[PDB]
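This report refers to the structure that appears directly beneath it.
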Amino acid sequence: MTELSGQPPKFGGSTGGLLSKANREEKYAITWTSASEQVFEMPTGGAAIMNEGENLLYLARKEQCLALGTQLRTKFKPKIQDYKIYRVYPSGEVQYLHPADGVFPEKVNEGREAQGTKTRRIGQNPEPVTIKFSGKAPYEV
Amino acid sequence: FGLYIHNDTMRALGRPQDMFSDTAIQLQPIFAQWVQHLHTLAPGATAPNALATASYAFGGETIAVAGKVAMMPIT
Amino acid sequence: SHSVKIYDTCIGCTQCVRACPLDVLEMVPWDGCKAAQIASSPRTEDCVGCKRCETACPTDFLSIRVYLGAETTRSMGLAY
Amino acid sequence: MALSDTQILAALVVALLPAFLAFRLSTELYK
Amino acid sequence: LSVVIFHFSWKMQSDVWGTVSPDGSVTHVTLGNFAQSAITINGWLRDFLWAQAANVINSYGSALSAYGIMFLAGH
Amino acid sequence: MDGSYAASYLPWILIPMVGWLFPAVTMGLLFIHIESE
Amino acid sequence: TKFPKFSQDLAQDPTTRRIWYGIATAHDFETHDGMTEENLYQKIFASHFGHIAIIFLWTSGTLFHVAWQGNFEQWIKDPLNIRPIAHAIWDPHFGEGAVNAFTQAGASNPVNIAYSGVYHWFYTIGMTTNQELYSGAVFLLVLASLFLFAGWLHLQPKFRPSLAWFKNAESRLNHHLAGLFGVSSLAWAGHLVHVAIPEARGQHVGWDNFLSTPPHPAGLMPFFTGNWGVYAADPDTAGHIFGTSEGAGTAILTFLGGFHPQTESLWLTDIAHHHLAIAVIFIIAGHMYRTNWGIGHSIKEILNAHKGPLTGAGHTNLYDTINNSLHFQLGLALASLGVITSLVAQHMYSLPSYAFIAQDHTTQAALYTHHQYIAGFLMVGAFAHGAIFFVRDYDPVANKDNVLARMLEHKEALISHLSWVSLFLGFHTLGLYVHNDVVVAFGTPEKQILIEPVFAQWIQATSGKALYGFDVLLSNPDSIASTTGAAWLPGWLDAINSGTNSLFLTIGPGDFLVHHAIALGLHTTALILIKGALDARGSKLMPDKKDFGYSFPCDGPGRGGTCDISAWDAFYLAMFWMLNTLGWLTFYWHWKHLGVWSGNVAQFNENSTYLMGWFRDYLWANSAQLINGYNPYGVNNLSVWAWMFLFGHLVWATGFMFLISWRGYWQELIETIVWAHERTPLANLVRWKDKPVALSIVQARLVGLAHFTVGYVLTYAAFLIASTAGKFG
Amino acid sequence: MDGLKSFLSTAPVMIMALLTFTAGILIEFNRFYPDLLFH
Amino acid sequence: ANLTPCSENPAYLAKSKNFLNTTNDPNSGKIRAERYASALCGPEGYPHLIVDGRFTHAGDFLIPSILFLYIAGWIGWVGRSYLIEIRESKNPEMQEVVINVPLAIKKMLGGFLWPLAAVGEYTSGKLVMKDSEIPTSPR
Ligand code: CLA
Ligand code: CLA
Ligand code: CLA
Ligand code: CLA
Ligand code: CLA
Ligand code: CLA
Ligand code: CLA
Ligand SMILES: CC1=C(/C=C/C(C)=C/C=C/C(C)=C/C=C/C=C(C)/C=C/C=C(C)/C=C/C2=C(C)CCCC2(C)C)C(C)(C)CCC1
Ligand SMILES: CC1=C(/C=C/C(C)=C/C=C/C(C)=C\C=C\C=C(C)\C=C\C=C(C)\C=C\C2=C(C)CCCC2(C)C)C(C)(C)CCC1
Ligand SMILES: CC1=C(C/C=C(\C)CCC[C@H](C)CCC[C@H](C)CCCC(C)C)C(=O)c2ccccc2C1=O
């Protein structure tokens with residue numbers, strides 16, 4: 001939630017990793033609980049040795065973290081489905097991003113809310129003449 | 001390419017003494033010219049059982065067969 | 001950020017949620033289809049606009065739309 | 001029969017005020 | 001590869017090929033154009049792509065007539 | 001290169017002005033403007 | 001971030017694309033945050049005055065440079081052999097050959113020979129000395145300052161025009177037909193008869209002279225009473241010399257018909273009488289629409305009354321569609337301007353109305369090609385603003401069952417028939433060209449298909465050309481339309497039968513095939529543009545294109561993958577077609593007139609029927625003097641056009657990079673360049689404020705389109721100018 | 001050969017046989033009667 | 001017309017003495033030189049084609065024109081009615097990928113009744129579909 005507990009995996013070091021945006025604007029951090037000491041391909045580049053137990057990996061974009069989560073959930077026979085993706089600011093605060101409700105978004109649970117859901121078809125969208133100078137969008141209003 | 005644009009512009013501006021020609025500022029390819037000198041000096045010094053060179057494009061006489069030129073040295 | 005609007009033609013097939021590689025879509029409960037669920041996009045500030053959810057959808061003129069609006073560091077996908 | 005230098009300088013001076021007036025138009029078109 | 005074969009064709013028909021004369025003098029096909037006129041883009045256009053394409057252009061009613069309607073075909 | 005017309009001294013200073021002095025201060029003012037907040 | 005001020009969504013992204021998108025949406029005032037309906041019109045009005053002052057500064061600059069650095073006083077002494085001068089050359093990069101070759105037309109300074117028609121214009125207007133057109137340059141500077149002050153004062157809240165003033169269509173159509181098109185043509189006919197015709201008669205009329213002498217010795221009273229034949233009492237005979245008093249009978253409005261035999265131009269009295277006869281009809285037609293006075297017409301009752309059985313609801317509820325929107329008005333304005341600009345081009349080479357402009361062949365060629373390349377632009381922009389109107393400003397609930405909605409209801413019939421017409425012309429024009437080119441390649445040019453263009457030759461037959469022998473309606477002298485006793489019979493007949501001028505040129509068998517080629521380019525460009533405008537709202541792929549806007553990159557790789565799905569991308573392809581067909585007609589025009597001016601008409605009549613004749617006798621033969629603008633030996637005055645030739649080739653191929661390669665490659669490359677700048681030691685001091693990204697998809701499409709366009713235009717303005725200035729200069 | 005009759009009746013082989021027959025009768029008509037610009 | 005016929009044109013009579021032999025027949029240029037004599041030529045010596053519609057020059061244009069208007073209509077009818085008779089057998093997709101070559105040969109032979117069949121299909125209403133039952137695009 002606010003503190004990241006984990007060890008860095010065995011990796012020699014790469015060039016496509018954390019650039020100067022990490023210590024300035026934001027970075028991301030994936031934490032998961034392994035079973036054995038297997039090998040995984042990080043989206044930064046090359047392969048790395050996944051450490052045994054709870055390990056922590058710092059990445060630069062959220063898409064790399066979700067691509068690693070896809071690689072952890074599909075490309076292993078002990079399917080690692082207990083990973084947590086946090087967003088780390090340079091101020092020190094840590095925001096729990098995924099799977100923050102607690103259950104995966106692919107299945108439904110009670111406690112979520114329908115954000116960004118329309119009550120019409122796309123053919124029932126309004127025309128851009130009646131809202132020509134309101135400043136809004138033809139899909140929003 | 002900017003060498004080609006530069007002497008294109010120096011020829012278009014009527015100043016041929018500022019181009020990259022041979023009479024102008026000359027960029028002599030000294031390394032391949034030295035390699036051609038070694039290939040011309042090869043038979044007798046570094047290839048003693050060879051009569052002629054590896055080719056007549058490095059350096060040597062002009063080979064003429066039927067009124068045409070087979071291979072002359074390419075400076 | 002872009003605007004991911006999800007219309008009422010969604011049949012709850014949850015293909016768009018498992019296709020999006022950024023965790024913006026998620027299935028919320030509903031009562032308008034056989035599957036009794038509809039996709040929803042709360043985390044629209046993380047959507048890059050890749051329209052990978054508008055490749056796996058079975059309805060005619062797919063029930064989820066991604067309107068490419070403003071851009072930021074997340075929506076442009078920059079690691080620098 | 002050709003022009004004089006004072007006619008060229010008078011042309012520059014009489015075209016100086018369109019520069020000020022276009023600067024005024026550009027300023028009020030920005031705001 | 002288009003620039004490589006252009007450099008090959010022009011250098012070999014300006015500095016290598018041509019007829020030979022019995023006194024030893026060599027006259028080339030394009031009379032030595034590569035020395036001072038291969039350094040310009042206009043020199044590559046005028047002295048190579050305009051001057052040597054005339055044999056493709058003016059060859060109608062002859063044996064080299066299919067090459068004209070392959071020239072325009074490739075364009 | 002000279003000028004047979006009247007005021008030949010004037011392009012001698014107007015060509016470097018519109019070539020260098022006008023675009024350098026225009027790009028300087030525009031880069032100060034479009035990158036400020 | 002302050003830039004851009006108008007857009008809030010572009011003032012917040014840290015990327016470098018907000019500078020480009022702030023540049024290219026600076027004039028789209030509809031997508032500005034915080035702009036109401038009337039502020040749109042008021043900002044348009046002030047920007048209109050800014051443009052109308054820029055065009056006066058440009059005309060004043062042309063006038064000032066002909067006054068200052070031009071040999072205008074030495075050009076009127078012998079305008080058949082000496083060359084006009086645009087301006088002088090002051091770049092410091094000139095060597096000695098580029099100064100010894102650019103001191104042309106008798107001037108010690110390096111000059112630049114003018115190829116626009118400003119000298120023949122200013123001589124036909126009546127300007128003789130440099131002082132009066134310098135005074136015209138100062139007058140245009142003051143007039144440009146006047147319109148700049150109008151643009152400033154029409155932004156104050158006191159003098160701010162209301163929205164109902166801009167919606168007042170009938171109270172400005174009257175003034176644009178009478179007080180802008182009529183009384184200004186009336187003032188131009190007045191300037192013609194007062195200054196232009198007496199300077200063609202030798203009498204120097206100035207501002208201190210026109211109040212004293214009358215243009216006609218009979219006075220103003222024969223116009224007030226009647227019997228106007230004394231205004232055409234004695235015209236200028238065939239033995240008249242321009243600018244002098246030699247055989248020049250004074251009569252101000254003489255309708256002759258045909259050409260002046262000395263200047264190969266129209267009679268200036270005929271020009272003045274024509275402008276009077278158009279000013280009268282324009283002031284008459286300006287009193288049509290209803291204003292504060294109850295007499296006139298209101299356009300709502302005219303449009304609502306034009307119904308029909310096959311038409312549908314007619315033009316009902318259509319005045320509000322044009323008057324509320326602005327892209328509909330801009331599309332109609334650009335369409336009418338494009339057709340009349342090509343009308344300018346087609347009537348400034350066959351009916352020249354300037355002194356000795358039919359002999360300066362490079363000037364006529366440059367002016368014709370310039371106006372055709374403007375007309376193609378304006379036609380493409382008319383259809384582009386039609387697509388913008390269909391995206392933004394079209395509502396189907398108000399335009400119900402009228403001609404616009406019924407146009408949209410059968411768009412799959414329209415663009416499929418345009419697809420048929422395009423394939424019909426294209427398959428067989430290319431089929432006949434390849435058939436001709438093969439049979440000439442096989443040494444048998446008698447097997448060519450040379451279809452005689454009998455329809456156009458029939459039009460020349462009913463125009464006056466008795467060459468083809470078709471005795472129909474004007475070439476037959478006993479016809480009904482020939483024996484009417486009108487004024488334009490003998491002069492126009494001898495002008496159209498003279499085989500020296502460029503009026504109604506002898507149409508041979510090649511012009512059949514090339515005019516089918518221009519019909520091909522016109523139909524295909526109309527196909528892409530109408531398909532863009534009618535599918536601007538939607539189609540079977542995405543029927544929410546009204547919701548996405550006009551220009552947007554794609555809709556992802558799904559549903560097949562909709563690259564180039566917007567109506568902006570139909571403009572994109574149609575821009576290449578407009579450049580292509582304009583290149584076709586201008587290659588055709590320039591080769592025809594190179595056969596006419598040199599007297600070797602048989603070269604164009606024999607070689608144009610197959611494609612290698614175009615590739616040999618036009619592109620290969622006429623460009624021999626262009627590429628020899630700088631040899632290793634010497635440099636002549638055509639060196640700047642050889643450099644512009646290669647420059648145009650370079651920009652035309654630079655657009656290929658943005659066209660062929662797409663964004664994702666360049667983004668992956670820019671990631672590596674960003675890494676190299678962030679890990680270079682001594683360049684870690686200098687860091688960007690805005691994050692550098694690649695150019696966007698629609699953006700770099702537009703950049704590659706711009707390079708294709710200006711590369712095309714620069715290499716053709718190099719070749720078209722230098723080839724006919726090397727042949728005739 | 002219950003599959004050879006289907007393979008010889010696919011679209012490319014049938015359009016190539018039809019274009020071979022069309023080019024054959026066109027070349028034969030152009031050999032026995034050459035150079036016909038009109039009728 | 002202003003064009004001289006090939007029977008008396010001086011440039012054509014100068015060019016006909018050395019017409020090239022196209023086929024293997026060594027007298028092909030001479031028989032072409034007397035075949036093209038009926039046509040009319042301009043000032044270059046090449047046979048032009050009058051296309052105005054006058055029947056005295058219909059052999060230039062109209063006689064091959066309707067000849068093509070048969071054969072194209074033949075191909076069009078053979079391509080149309082065949083699709084109709086594979087609108088259902090069991091599956092039209094494979095019958096469009098591989099050809100039912102006896103059915104195709106039957107249509108290819110029977111296609112020479114195409115214009116009377118075209119007026120018959122236009123009168124029976126089975127040629128032009130209705131404007132409402134056609135799958136149009138949304139406006
Ligand atoms: C020389 C290049 C070239 C050619 C031939 C074409 C040809 C065509 N374009 Mg086109 N186009 C081009 C460049 C070209 N384009 C470029 C650079 C652009 C800018 C991106 C466009 C953009 C463009 C648009 C946007 C559209 C077209 C369309 C068309 C078609 C209708 C126009 C026409 O004239 O009818 C027909 C003319 C022809 C010349 C067709 C004959 C082609 C060959 C000779 C047929 C012979 C068969 C061939 C030999 C079989 C090959 C066998 C081989 C496998 C061994 C036509 C096929 C339109 C279209 O398809 O819809 C109708 C359309 O909407 N074009
Ligand atoms: C728009 C018309 C126009 C154009 C294209 C040119 C072009 C040129 N002028 Mg020029 N000029 C113009 C109007 C124009 N002038 C007017 C109206 C005047 C009267 C004041 C002058 C007075 C003038 C002098 C005195 C000289 C030139 C010179 C030159 C040449 C070098 C550039 C330079 O130093 O200019 C600099 C020009 C100025 C400082 C004053 C003119 C500025 C005008 C009024 C602004 C034009 C507004 C323009 C449309 C804005 C474009 C906006 C667009 C980018 C969006 C160049 C050919 C020089 C020359 O001949 O060198 C060989 C030179 O010595 N001009
Ligand atoms: C459009 C305007 C323009 C103008 C007027 C010039 C002018 C010049 N260029 Mg140039 N150039 C231009 C555009 C222009 N260029 C562009 C767009 C490019 C890119 C393709 C180039 C690329 C280029 C190259 C690659 C070279 C030149 C060179 C030259 C110079 C040739 C003589 C020389 O060595 O000068 C000597 C140098 C100078 C006169 C520099 C100016 C220093 C002045 C005198 C000091 C004044 C400063 C003063 C203290 C401040 C006064 C304050 C003010 C308010 C009064 C000449 C001054 C050549 C050169 O050697 O220039 C360095 C050269 O090699 N140019
Ligand atoms: C290294 C090569 C080089 C360079 C630097 C130049 C430079 C120049 N030449 Mg030149 N020239 C060259 C080679 C070169 N030439 C060659 C090889 C030839 C053939 C022999 C010529 C032939 C030639 C002629 C015949 C003439 C020149 C002239 C000029 C001057 C242009 C006057 C000016 O500043 O207008 C200002 C420049 C422009 C308006 C062009 C820029 C257009 C921009 C890119 C588009 C607009 C961008 C944006 C919308 C607005 C700007 C943004 C900015 C304000 C922030 C300039 C000094 C002219 C001259 O002496 O001046 C009167 C002239 O008449 N040249
Ligand atoms: C007598 C009164 C009068 C006059 C003279 C004008 C004049 C004008 N109005 Mg205007 N207006 C008027 C009354 C008048 N208005 C009234 C009463 C209203 C009440 C609602 C308006 C409302 C109005 C609006 C809302 C707008 C204008 C605009 C304009 C300007 C656009 C015309 C232009 O620049 O091209 C003038 C073009 C020509 C004169 C000729 C047209 C082209 C011809 C047909 C081509 C063929 C011949 C050609 C000239 C040959 C060229 C040869 C070459 C050598 C030169 C123009 C200055 C617009 C503006 O602000 O633009 C600055 C605009 O948006 N007006
Ligand atoms: C009467 C003329 C006229 C007017 C008033 C407009 C007005 C408008 N058009 Mg438009 N248009 C026109 C003609 C016109 N157009 C024509 C003739 C075409 C066809 C070519 C178009 C094609 C067109 C498109 C495709 C679009 C518009 C759009 C627009 C709107 C916003 C424009 C904007 O922000 O541009 C901002 C200005 C720019 C981007 C500048 C680009 C132009 C540069 C100068 C070209 C570069 C040339 C280069 C520098 C030359 C180099 C020379 C040398 C140095 C080598 C605006 C209402 C847009 C719209 O409504 O939707 C958003 C839109 O998408 N127009
Ligand atoms: C034989 C079937 C057939 C028929 C009856 C038609 C009929 C038609 N097509 Mg067409 N078309 C066909 C096949 C066919 N097409 C195929 C296979 C293609 C892909 C190359 C096209 C591509 C096409 C385009 C792009 C366009 C048409 C258009 C049209 C209409 C105008 C006439 C025309 O230009 O056709 C001329 C036909 C062509 C240019 C292409 C067809 C050429 C092939 C060789 C014909 C034979 C096809 C097939 C092999 C024969 C089947 C025989 C069967 C026993 C297996 C007309 C209704 C136009 C339209 O919309 O009109 C409003 C139009 O723009 N067609
Ligand atoms: C899309 C769109 C659009 C656009 C369109 C356009 C762009 C169009 C154009 C069009 C055009 C461009 C047209 C034109 C045409 C014209 C014509 C067609 C004319 C004709 C005329 C006549 C016919 C006359 C007659 C005559 C003759 C011919 C000769 C002799 C004389 C006389 C006079 C008798 C708009 C804007 C609407 C908007 C909406 C959408
Ligand atoms: C004679 C002649 C001529 C004339 C012509 C004309 C003028 C034309 C017109 C045309 C037209 C005016 C047309 C119309 C049409 C329409 C329509 C409507 C059509 C129809 C069609 C269809 C319907 C189709 C069908 C089909 C067939 C038939 C077969 C195959 C299949 C199909 C299906 C394709 C000329 C001068 C050139 C020359 C001389 C001769
Ligand atoms: C090269 C290239 C790039 C890379 C483009 C980059 C990195 C832009 C770099 C531009 C440099 C800085 C030159 C810009 C200066 C020009 C002279 C324009 C002047 C600036 C104007 C504002 C006047 C793309 O991003 C791209 C995207 C989609 C399709 C094709 C392409 C493509 O071809």
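So you can find residues: chains in the structure tokens are A, B, ... in the order shown, residues in each start at 1, and ligands are numbered from 1 in order.
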
Exercise for the section: Enumerate, as an NGL selection string, the complete set of residues in stretch 229-451 of chain G that a backbone-based DSSP assignment places in helix (DSSP H, G or I). Expected result: :G and (229-232 or 268-285 or 299-304 or 319-324 or 327-347 or 361-392 or 403-408 or 411-441 or 445-447)

Would you save the residues of that selection, restricted to C-alpha atoms, as a compact mmCIF listing (two decimals), in the first residue's frame?
# COMPACT_ATOMS: atom_id res chain seq x y z
CA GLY G 229 -22.23 56.33 -82.34
CA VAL G 230 -20.04 59.42 -81.98
CA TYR G 231 -18.30 57.59 -79.13
CA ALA G 232 -17.32 55.00 -81.76
CA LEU G 268 -8.03 49.28 -75.29
CA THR G 269 -11.21 50.99 -76.46
CA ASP G 270 -12.82 47.55 -76.70
CA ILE G 271 -11.64 46.81 -73.14
CA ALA G 272 -13.17 50.06 -71.87
CA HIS G 273 -16.48 49.51 -73.67
CA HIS G 274 -16.60 45.96 -72.30
CA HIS G 275 -16.05 47.16 -68.73
CA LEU G 276 -18.77 49.78 -69.15
CA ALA G 277 -21.12 47.12 -70.53
CA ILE G 278 -20.43 44.87 -67.53
CA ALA G 279 -20.64 47.66 -64.95
CA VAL G 280 -24.12 48.57 -66.21
CA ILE G 281 -25.39 44.98 -65.96
CA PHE G 282 -23.79 44.55 -62.52
CA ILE G 283 -25.42 47.70 -61.14
CA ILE G 284 -28.71 46.56 -62.71
CA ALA G 285 -28.42 43.06 -61.20
CA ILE G 299 -34.07 34.59 -50.97
CA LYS G 300 -36.18 32.41 -48.65
CA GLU G 301 -39.24 32.67 -50.90
CA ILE G 302 -37.11 32.04 -53.99
CA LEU G 303 -35.53 28.90 -52.55
CA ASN G 304 -38.72 27.50 -51.02
CA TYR G 319 -31.38 29.68 -46.79
CA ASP G 320 -30.82 28.93 -43.10
CA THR G 321 -28.29 26.21 -43.95
CA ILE G 322 -26.10 28.60 -45.94
CA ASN G 323 -26.55 31.62 -43.69
CA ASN G 324 -25.95 29.87 -40.36
CA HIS G 327 -17.90 26.30 -44.47
CA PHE G 328 -20.79 26.08 -46.95
CA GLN G 329 -20.21 29.73 -47.89
CA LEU G 330 -16.46 29.16 -48.04
CA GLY G 331 -16.97 26.11 -50.26
CA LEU G 332 -19.18 28.03 -52.68
CA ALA G 333 -16.76 30.96 -52.66
CA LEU G 334 -13.75 28.72 -53.33
CA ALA G 335 -15.60 26.83 -56.07
CA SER G 336 -16.64 29.99 -57.91
CA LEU G 337 -13.17 31.48 -57.43
CA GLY G 338 -11.55 28.31 -58.77
CA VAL G 339 -13.66 28.18 -61.92
CA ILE G 340 -13.08 31.86 -62.64
CA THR G 341 -9.35 31.51 -61.92
CA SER G 342 -9.07 28.83 -64.57
CA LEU G 343 -11.21 31.15 -66.72
CA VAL G 344 -8.51 33.78 -66.16
CA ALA G 345 -5.89 31.25 -67.25
CA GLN G 346 -7.77 30.15 -70.37
CA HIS G 347 -8.43 33.78 -71.39
CA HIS G 361 6.47 33.85 -74.39
CA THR G 362 7.96 33.02 -70.99
CA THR G 363 5.72 35.62 -69.33
CA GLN G 364 2.57 34.14 -70.87
CA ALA G 365 3.67 30.62 -69.92
CA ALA G 366 4.40 31.56 -66.32
CA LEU G 367 1.13 33.47 -65.93
CA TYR G 368 -1.03 30.68 -67.38
CA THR G 369 0.60 27.98 -65.27
CA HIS G 370 0.40 30.13 -62.12
CA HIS G 371 -3.33 30.73 -62.51
CA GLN G 372 -4.06 27.07 -63.27
CA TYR G 373 -2.15 26.03 -60.16
CA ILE G 374 -4.21 28.51 -58.16
CA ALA G 375 -7.46 27.20 -59.66
CA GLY G 376 -6.67 23.58 -58.82
CA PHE G 377 -5.94 24.61 -55.23
CA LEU G 378 -9.23 26.50 -54.91
CA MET G 379 -11.27 23.62 -56.34
CA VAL G 380 -9.71 21.17 -53.86
CA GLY G 381 -10.36 23.63 -51.04
CA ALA G 382 -13.98 24.09 -52.08
CA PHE G 383 -14.56 20.37 -51.75
CA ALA G 384 -12.52 20.20 -48.53
CA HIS G 385 -14.72 22.85 -46.94
CA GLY G 386 -17.71 20.94 -48.27
CA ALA G 387 -16.52 17.95 -46.25
CA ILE G 388 -15.98 20.19 -43.22
CA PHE G 389 -19.54 21.47 -43.65
CA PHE G 390 -20.85 17.90 -43.75
CA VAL G 391 -18.88 17.02 -40.61
CA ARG G 392 -19.63 20.06 -38.46
CA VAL G 403 -31.65 18.59 -52.30
CA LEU G 404 -28.81 18.23 -49.77
CA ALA G 405 -30.37 15.29 -47.94
CA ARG G 406 -31.43 13.70 -51.22
CA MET G 407 -27.84 14.19 -52.36
CA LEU G 408 -26.70 12.20 -49.32
CA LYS G 411 -24.03 8.78 -52.39
CA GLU G 412 -23.34 5.13 -53.21
CA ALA G 413 -24.72 5.82 -56.69
CA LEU G 414 -22.76 9.06 -57.18
CA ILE G 415 -19.30 7.85 -56.22
CA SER G 416 -19.81 4.50 -57.97
CA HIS G 417 -20.68 6.28 -61.21
CA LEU G 418 -17.65 8.52 -60.74
CA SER G 419 -15.69 5.31 -60.19
CA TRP G 420 -17.10 4.03 -63.48
CA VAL G 421 -16.29 7.22 -65.40
CA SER G 422 -12.76 7.28 -63.96
CA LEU G 423 -12.10 3.66 -64.93
CA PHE G 424 -13.73 4.26 -68.33
CA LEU G 425 -11.46 7.17 -69.20
CA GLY G 426 -8.38 5.71 -67.56
CA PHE G 427 -8.33 2.18 -69.00
CA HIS G 428 -8.64 3.40 -72.57
CA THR G 429 -6.59 6.59 -72.49
CA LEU G 430 -3.74 4.52 -71.09
CA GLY G 431 -4.73 1.74 -73.49
CA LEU G 432 -4.44 4.00 -76.52
CA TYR G 433 -1.19 5.55 -75.27
CA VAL G 434 0.44 2.17 -74.69
CA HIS G 435 -0.93 0.94 -78.04
CA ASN G 436 0.53 3.96 -79.83
CA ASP G 437 3.82 3.68 -77.94
CA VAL G 438 4.21 -0.02 -78.79
CA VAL G 439 3.47 0.40 -82.50
CA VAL G 440 5.88 3.33 -82.78
CA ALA G 441 8.43 1.17 -80.93
CA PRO G 445 3.76 4.37 -86.73
CA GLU G 446 0.99 3.92 -89.32
CA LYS G 447 -0.76 1.51 -86.93

Exercise for the section: Name each residue within 10 Å of ligand 4, counting only C-alpha atoms and all ligand atoms, as a ChimeraX atom specification. Expected result: /B:5-14 /F:11,14-20,22-31 /G:86-95,97-99,101-102,110-113,629-630,635-644,647

Please save C-alpha atoms of the selected residues as a compact mmCIF listing (two decimals), in the first residue's frame.
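Contents of result_39.txt, freshly written:
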# COMPACT_ATOMS: atom_id res chain seq x y z
CA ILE B 5 25.34 19.95 -51.99
CA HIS B 6 28.29 22.18 -51.07
CA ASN B 7 30.14 21.88 -54.35
CA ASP B 8 26.84 21.92 -56.23
CA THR B 9 26.27 25.32 -54.65
CA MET B 10 29.86 26.44 -55.24
CA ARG B 11 29.53 25.52 -58.90
CA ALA B 12 26.13 27.21 -59.17
CA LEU B 13 27.46 30.39 -57.52
CA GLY B 14 30.20 30.61 -60.14
CA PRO F 11 20.43 46.74 -49.22
CA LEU F 14 18.87 45.49 -45.05
CA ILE F 15 19.95 42.07 -46.40
CA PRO F 16 21.87 41.09 -43.20
CA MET F 17 19.11 42.61 -41.05
CA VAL F 18 16.27 40.58 -42.57
CA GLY F 19 18.59 37.59 -42.91
CA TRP F 20 20.06 37.47 -39.41
CA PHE F 22 15.14 39.83 -37.85
CA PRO F 23 14.92 35.99 -37.64
CA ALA F 24 17.22 35.71 -34.61
CA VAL F 25 15.12 38.08 -32.53
CA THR F 26 11.92 36.58 -33.97
CA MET F 27 12.95 33.05 -33.03
CA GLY F 28 14.27 34.35 -29.71
CA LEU F 29 11.00 36.10 -28.89
CA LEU F 30 8.95 33.13 -30.11
CA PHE F 31 10.98 30.55 -28.18
CA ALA G 86 12.05 42.35 -61.27
CA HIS G 87 14.62 43.42 -58.68
CA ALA G 88 18.34 43.30 -57.92
CA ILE G 89 20.48 40.61 -56.34
CA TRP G 90 22.25 41.10 -53.02
CA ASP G 91 23.40 37.84 -51.72
CA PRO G 92 27.03 37.83 -50.54
CA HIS G 93 27.62 34.27 -51.83
CA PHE G 94 27.97 35.30 -55.47
CA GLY G 95 31.37 34.63 -56.97
CA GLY G 97 30.70 33.94 -62.73
CA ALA G 98 27.40 34.47 -60.92
CA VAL G 99 27.88 38.24 -61.14
CA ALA G 101 26.06 36.08 -65.72
CA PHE G 102 23.37 37.85 -63.68
CA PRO G 110 23.18 41.78 -60.75
CA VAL G 111 19.47 41.74 -61.56
CA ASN G 112 16.68 39.20 -62.00
CA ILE G 113 14.62 39.13 -65.20
CA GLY G 629 23.07 26.26 -66.20
CA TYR G 630 26.39 25.44 -64.58
CA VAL G 635 27.96 29.56 -65.56
CA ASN G 636 25.22 31.33 -67.50
CA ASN G 637 22.09 33.11 -66.26
CA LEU G 638 20.06 29.88 -66.11
CA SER G 639 22.05 28.61 -63.13
CA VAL G 640 19.48 29.72 -60.54
CA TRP G 641 16.83 27.67 -62.32
CA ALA G 642 19.11 24.63 -62.43
CA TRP G 643 19.65 24.99 -58.69
CA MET G 644 15.89 25.45 -58.21
CA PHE G 647 15.93 21.92 -55.06
